[PDB]
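What follows is a single chain, given as structure tokens, in the form deposited in one PDB entry.
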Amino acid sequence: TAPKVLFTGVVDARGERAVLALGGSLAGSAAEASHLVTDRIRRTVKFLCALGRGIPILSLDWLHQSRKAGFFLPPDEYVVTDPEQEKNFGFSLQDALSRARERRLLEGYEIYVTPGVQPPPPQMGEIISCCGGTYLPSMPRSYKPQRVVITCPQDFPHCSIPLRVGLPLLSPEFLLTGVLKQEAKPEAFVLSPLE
């Protein structure tokens, strides 16, 4: 199966051209990609979706060396190594990828994101889906385990129904930090709607 490669961080004509010349294609999104090529660990839709799916996240050297070979090389030795952001964000990329490959982080979760949330709900929905969760199109009316509402102060006036039925009201960082680290921990991210 020919790689569908996504680029992010660097506008890299030589790399893109090498993908095509080697018989691969360029990916339109991280959700479609087989491989992500990048320089650093970043909290972006592209990086978080790639990580949530557990696809290879590789340096530009993969294509540099593949171009010399004349064919796509095995990905293993080209994994992104960013000790600085690993320290600063408190996770190991290899370990996070290993977790994602065993089971996607949000399997079993149903998540509604209220309209005023930042980052924008549709971007949050893309990340939720790439982590195997269900992005809900409207506010729930009933309780279910692992059904949660990502919300914000602007939207507290609209939260009486989820409060009524005991659905957790969570910070958007539940998703962003959780997906980055591949660890879901709703409790520290519970909002205070009356304050």
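Between two forms, the rigid core is the largest collection of C-alphas that superpose within 1.5 Å. The numbering used is simple: start at 1 and walk along the sequence shown.
Asker: Averaging CA B factors per stretch from the PDB record, which one is higher: 13-21 or 168-176?
Answerer: Per the PDB record, 13-21.
Asker: With respect to the recorded C-alpha B factors, which stretch has the higher mean value, 103-111 or 75-83?
Answerer: According to the entry, 75-83 carries the higher average C-alpha B-factor.
Asker: Using the entry's values, work out which of 141, 53, 40, 35 has the largest Cα B factor.
Answerer: So the option with the highest C-alpha B-factor is 40.
Asker: Using only the C-alpha B-factors in the record, can you name which of 137, 133, 70, 157 has the highest?
Answerer: Spelled out: the listed residue with the top C-alpha B-factor is 70.
Asker: According to the PDB entry, is the CA B factor of residue 26 in the bottom, middle or top third of its chain, that is, lowest, middle or highest?
Answerer: Its C-alpha B-factor, which the entry lists for residue 26, ranks in the middle third among residues of this chain.
Asker: In terms of the CA temperature factor given in the entry, to which third of its chain does residue 63 belong: lowest, middle or highest?
Answerer: Middle third of the chain for residue 63's C-alpha B-factor.
Keep in mind that the form solved in complex with a partner chain is not shown, yet the notes after this line are about it.
Asker: With heavy atoms only and a cut-off of 4.5 Å, decide whether residue 83 touches the partner chain in the deposited complex.
Answerer: Flag for residue 83 set to no.
Asker: Taking 4.5 angstroms as the cut-off for heavy atoms, does residue 94 touch the partner chain in the deposited complex?
Answerer: Close contact is absent here: in the deposited complex, residue 94 is far from the partner chain, nothing within 4.5 Å, heavy atoms only.
Asker: Are any of the heavy atoms in residue 42 no more than 4.5 Å from a heavy atom of the partner chain in the deposited complex?
Answerer: Although the partner chain is absent here, residue 42 would touch it in the deposited complex, with heavy atoms inside 4.5 Å.
Asker: In the deposited complex, does residue 116 come within 4.5 Å of the partner chain, counting heavy atoms only?
Answerer: Output for residue 116 is no: heavy atoms all beyond 4.5 Å of the partner chain.
Asker: Please name the one residue from 58, 26, 45, 159 with a C-alpha displacement of 2 Å or more between this form and the one not shown, using the rigid core for the superposition.
Answerer: The one that moves 2 Å or more is 159.
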